[PDB]
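Start at 1 and go down the list; that is how both ligands and their atoms are numbered. Below, read A as the first sequence line, B as the second, and so on, with proteins coming before strands; counting in each chain starts at 1.
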Number of protein chains: 2
Amino acid sequence: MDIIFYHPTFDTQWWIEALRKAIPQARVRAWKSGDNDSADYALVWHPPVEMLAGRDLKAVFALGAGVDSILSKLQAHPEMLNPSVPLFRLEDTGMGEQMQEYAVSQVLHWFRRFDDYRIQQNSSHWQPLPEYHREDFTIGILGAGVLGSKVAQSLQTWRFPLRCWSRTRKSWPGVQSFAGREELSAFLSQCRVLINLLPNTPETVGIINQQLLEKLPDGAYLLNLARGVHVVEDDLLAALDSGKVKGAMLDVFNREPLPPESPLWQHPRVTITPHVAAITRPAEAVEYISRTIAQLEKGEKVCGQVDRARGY
Amino acid sequence: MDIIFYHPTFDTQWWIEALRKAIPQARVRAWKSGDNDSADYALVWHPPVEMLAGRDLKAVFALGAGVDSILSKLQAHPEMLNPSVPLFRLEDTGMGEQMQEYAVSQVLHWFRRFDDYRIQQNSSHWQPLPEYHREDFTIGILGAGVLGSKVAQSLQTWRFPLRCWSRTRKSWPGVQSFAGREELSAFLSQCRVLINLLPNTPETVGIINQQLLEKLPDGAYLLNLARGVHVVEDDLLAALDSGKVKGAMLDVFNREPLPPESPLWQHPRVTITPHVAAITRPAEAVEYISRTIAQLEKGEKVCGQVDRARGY
Ligand SMILES: NC(=O)c1ccc[n+]([C@@H]2O[C@H](COP(=O)([O-])OP(=O)(O)OC[C@H]3O[C@@H](n4cnc5c(N)ncnc54)[C@H](OP(=O)(O)O)[C@@H]3O)[C@@H](O)[C@H]2O)c1
Ligand SMILES: NC(=O)c1ccc[n+]([C@@H]2O[C@H](COP(=O)([O-])OP(=O)(O)OC[C@H]3O[C@@H](n4cnc5c(N)ncnc54)[C@H](OP(=O)(O)O)[C@@H]3O)[C@@H](O)[C@H]2O)c1
Ligand SMILES: NC(N)=NCCCC(=O)C(=O)O
Ligand SMILES: NC(N)=NCCCC(=O)C(=O)O
Ligand SMILES: NC(N)=NCCCC(=O)C(=O)O
Ligand SMILES: NC(N)=NCCCC(=O)C(=O)O
């Protein structure tokens with residue numbers, strides 16, 4: 001087999017060599033403009049149309065969890081990826097645990113009122129605060145996928161009430177499963193903490209807006225770990241200023257880097273991280289890719305596969 | 001049986017009634033100065049010498065995890081508590097989980113560099129930071145008791161390397177156990193995060209001082225959940241200012257409320273909470289007390305028992 005690799009910023013030389021070692025019968029090369037030699041598999045992030053167009057690839061592996069960008073490019077350039085070509089993404093490969101670290105830390109942080117204690121510390125003010133209780137701290141997860149489920153799991157340990165929202169029904173024993181737009185209002189109504197792990201799709205763009213935030217209980221918290229386009233930033237600022245939302249921690253933004261003019265930077269109840277919630281673990285990604293290729297070859301049934309019609 | 005109850009600040013009436021219901025053959029009363037009627041058991045916090053002196057009680061239950069204060073008072077007033085009287089404290093009764101919430105939240109917070117990202121947010125500065133790795137993030141727990149073990153357990157989930165320090169050897173499978181002063185230097189040498197869950201005793205007063213902090217790896221973090229007297233605050237400020245300690249989160253202080261003149265309040269790498277790490281859960285405390293009384297009565301072997309000679 002022949003494998004072509006393209007990534008705008010990764011250590012191309014490291015990846016190529018790691019893939020050779022993990023698939024020793026594989027000839028692996030970095031794709032450059034003009035390379036129209038044969039390829040069986042393509043490993044890509046933000047690929048040029050030229051790299052894929054007209055290739056009857058056996059599979060394409062997106063080097064990310066999200067496939068927002070590549071699907072949107074195929075819409076604009078249908079010539080780019082023949083419908084025969086199966087599209088895979090990176091499922092977990094270490095991002096699950098990273099999402100769990102971030103959510104558990106911050107849910108507990110809000111639950112123990114470390115935000116209030118920091119404000120009082122800023123005035124040298126010593127004042128014990130009433131403890132919150134779990135019954136009033138339901139955690140809702142928008143999106144119940146590879147990452148949502150991992151996060152739900154790691155929060156169940158702490159005995160918070162849990163609910164999730166998705167297109168289709170889930171069976172997780174401790175987690176009340178809400179499905180479809182018809183059930184979104186009910187889902188939102190009890191969510192003291194709302195965690196966004198949705199994919200970026202036309203159906204979810206701007207879903208976190210005024211109408212959604214108004215259905216939340218008062219003094220809610222928002223943790224956006226998914227995509228910036230899910231949030232209407234001005235509606236969120238209004239919810240923060242009205243006290244509807246007590247705190248928001250955001251890792252992703254409509255424009256990244258978030259430009260200095262955004263009021264989010266200096267807003268008091270907002271915490272910002274620069275899209276670092278869960279990054280690729282290269283060795284685990286190389287493991288997932290070689291394993292998937294091996295499974296495709298043995299005719300075994302494989303899962304981590306994008307549905308282009310569905311959008312994710 | 002007759003039970004006398006004293007607490008300077010708790011809801012005396014609630015506690016009395018809850019104890020009646022949990023021990024329905026018990027006559028329970030609030031102790032007031034001059035009450036020299038008979039008592040079988042005394043439930044106390046910061047008790048007047050008069051309340052206990054000369055009583056041949058069947059047991060005394062301190063309504064706290066720490067027995068610093070009551071043992072120090074018996075030193076000053078040996079007439080207060082006959083050596084025949086067994087002394088119990090509150091073991092766990094919900095404080096374990098509270099310690100786990102606080103430690104897991106904050107260990108993860110430092111491990112994901114949320115402190116650095118907050119500083120960059122304060123300048124509207126967008127800059128992804130190199131991820132820390134577990135091998136460089138050994139967590140050491142000073143004190144390996146009811147609370148230390150609970151905290152160790154909840155951190156093992158996250159795959160941090162773990163070590164604990166105590167007087168006597170521990171057997172916890174994933175946790176390297178250090179014992180005695182002769183092994184303290186070795187224990188400290190790898191501790192990226194140091195968590196203090198020691199009791200307040202003459203042997204541990206001021207243990208966190210210049211000599212201890214110097215043995216820590218650079219860029220260490222201190223989480224003091226035990227007693228303020230364990231820390232020499234000026235040595236810690238010097239370690240913070242030299243960069244030896246990257247961050248400290250403190251719940252307990254030599255003087256509480258921490259007076260406004262302390263430099264800890266406004267120091268940049270210091271986080272303060274007003275002694276709220278783990279508070280009594282009254283219903284669970286009433287459960288532990290009635291259960292222990294029942295066990296003492298059945299001649300069953302009981303554990304949660306202070307060794308007055310040892311100091312804890
Ligand atoms: N911040 C970061 O660093 C970072 C890192 C990695 C990933 N991410 C983001 O996290 C996202 C989720 O990753 P994942 O691996 O968990 O994706 P996934 O496994 O595909 O799960 C997506 C979930 O969203 C639900 N969903 C999709 N469209 C929906 C709709 N219209 N209504 C209701 N629910 C809908 C799906 O429902 P069904 O189960 O019913 O299909 C599914 O449960 C990625 O798409 C990426 O944008 C961010
Ligand atoms: N911040 C708060 O809100 C809060 C709440 C509750 C408790 N606390 C504090 O937490 C402390 C610990 O509670 P706990 O229930 O875990 O106590 P514990 O079960 O009695 O455990 C104490 C541990 O400290 C160790 N230790 C005692 N003296 C030592 C010495 N000289 N050298 C080395 N190790 C020593 C003991 O060693 P061995 O196992 O060898 O005996 C034991 O492992 C309490 O005393 C209290 O001060 C604080
Ligand atoms: N795991 C760490 N430290 N970064 C994640 C992605 C970087 C990468 O794959 C490359 O640039 O070669
Ligand atoms: N969209 C761009 N440029 N980077 C995303 C990287 C991490 C992530 O969120 C994922 O892999 O899904
Ligand atoms: N659990 C909560 N909310 N506080 C802890 C101790 C208060 C208490 O026991 C009393 O004053 O009666
Ligand atoms: N020492 C005083 N006044 N209060 C302590 C209360 C909580 C605690 O740390 C414990 O129960 O050990």
Side-chain angles (χ1 to χ4, degrees), chain A residues 5 7-19 30 43-47 61-73 89-99 102 113 128-134 143 145-147 196-200 224-230 251-257 273-286 289 306 312, chain B residues 5 7-19 30 43 45 63-65 90 93-95 97-98 113 128-134 275-286 289:
Chain A
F5 174 103
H7 196 285
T9 65
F10 282 177
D11 198 331
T12 292
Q13 211 46 40
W14 187 93
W15 277 81
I16 279 173
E17 295 172 56
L19 288 153
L43 280 43
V44 309
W45 192 246
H46 293 352
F61 291 86
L63 304 171
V67 296
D68 22 57
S69 48
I70 180 145
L71 289 180
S72 151
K73 183 131 70 184
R89 74 206 177 83
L90 296 180
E91 286 187 310
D92 200 335
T93 71
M95 292 185 272
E97 177 183 52
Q98 284 179 79
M99 283 309 181
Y102 194 131
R113 304 190 70 166
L129 294 170
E131 53 172 8
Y132 289 149
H133 298 300
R134 282 163 166 91
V146 177
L147 302 173
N196 183 22
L197 287 165
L198 285 166
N200 174 7
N224 188 14
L225 307 176
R227 290 290 190 258
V229 301
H230 292 131
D251 189 60
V252 289
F253 307 90
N254 282 286
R255 292 206 82 243
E256 299 173 5
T273 52
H275 199 158
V276 291
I279 72 201
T280 331
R281 322 227 61 186
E284 295 204 52
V286 165
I289 290 165
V306 174
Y312 67 94
Chain B
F5 174 103
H7 196 285
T9 65
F10 282 177
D11 198 331
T12 292
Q13 211 46 40
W14 187 93
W15 277 81
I16 279 173
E17 295 172 56
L19 288 153
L43 280 43
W45 192 246
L63 304 171
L90 296 180
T93 71
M95 292 185 272
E97 177 183 52
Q98 284 179 79
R113 304 190 70 166
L129 294 170
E131 53 172 8
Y132 289 149
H133 298 300
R134 282 163 166 91
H275 199 158
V276 291
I279 72 201
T280 331
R281 322 227 61 186
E284 295 204 52
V286 165
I289 290 165

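Protein heavy atom nearest atom 7 (C) of ligand 5, with residue, atom name and distance: B:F10 CE2, 3.7 Å. The single protein non-hydrogen atom nearest to atom 1 (N) of ligand 4 is A:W45 CZ2, 3.9 Å, given as residue, atom name and distance. A:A65 N, 3.1 Å is the protein heavy atom nearest to atom 11 (O) of ligand 4. In this structure, the protein non-hydrogen atom closest to atom 2 (C) of ligand 3 is B:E131 OE2, 3.5 Å. If you check which protein heavy atom lies closest to atom 5 (C) of ligand 4, you get A:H275 CE1, 3.5 Å. Nearest non-hydrogen protein atom to atom 4 (N) of ligand 5 is B:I279 CD1, 3.9 Å. Taking atom 3 (N) of ligand 4 as the reference point, the nearest protein heavy-atom neighbour is A:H46 NE2, 3.7 Å.
The OG1 atom of A:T273 sits 9.5 Å away from the CG atom of A:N224 when rounded to the nearest 0.5 Å. Note that OG1 of A:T93 and CD1 of A:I279 are 10.5 Å apart. Values are rounded to the nearest 0.5 Å. Within the model, atoms CE of B:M95 and CG of B:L90 stand 5.0 Å from one another, a figure rounded to the nearest 0.5 Å. One distance of note links NE2 of A:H7 with CD1 of A:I16; it measures 13.0 Å at 0.5 Å rounding.
Under 4.0 Å from ligand 4, the heavy atoms of A:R227 that appear belong solely to its side chain. Residue contacts with ligand 3 for A:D11 involve both N, CA, C or O and side-chain atoms from C-beta outward (heavy atoms, distance under 4.0 Å). Counting heavy atoms under 4.0 Å from ligand 3, residue A:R281 does not touch it at all.
Contact annotation: the side chain of A:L43 approaches that of A:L19 to within less than 4.5 Å [non-hydrogen atoms, C-beta and beyond]. Proximity of A:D251 to A:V276: side-chain heavy atoms (C-beta onward) are separated by under 4.5 Å at one or more points. Residues A:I289 and A:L63 are in side-chain contact: their nearest non-hydrogen atoms beyond the backbone lie under 4.5 Å apart.
At least one N or O atom of A:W15, backbone or side chain, sits closer than 3.5 Å to an N or O atom of ligand 3. For ligand 4, none of its N or O atoms has an N or O atom of A:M95 under 3.5 Å away.
The ring-ring contact (aromatic ring centres under 6.0 Å, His included) with A:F5 is formed by just one residue from the set A:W14, A:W15, A:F61; it is A:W15.
Atoms of ligand 4 lying under 4.0 Å from any heavy atom of A:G64, numbered from 1 in the order shown and given with element: 11 (O). Atom numbering of ligand 3 starts at 1 in the shown order; those under 4.0 Å from a heavy atom of A:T280 are 1 (N), 5 (C), 6 (C). Residue-ligand proximity, A:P282 to ligand 3, at heavy-atom distances under 4.0 Å covers atoms 1 (N), 9 (O).
Put simply, no part of A:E256 is less than 4.0 Å from ligand 4, judged by heavy atoms.
Side chain of B:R113 to main chain of B:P128: no donor-acceptor pair is present (N/O by atom type, distance under 3.5 Å, no hydrogens or angles). A distance-only check finds no donor-acceptor pair linking the side chain of A:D68 to the backbone of A:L71 [under 3.5 Å].
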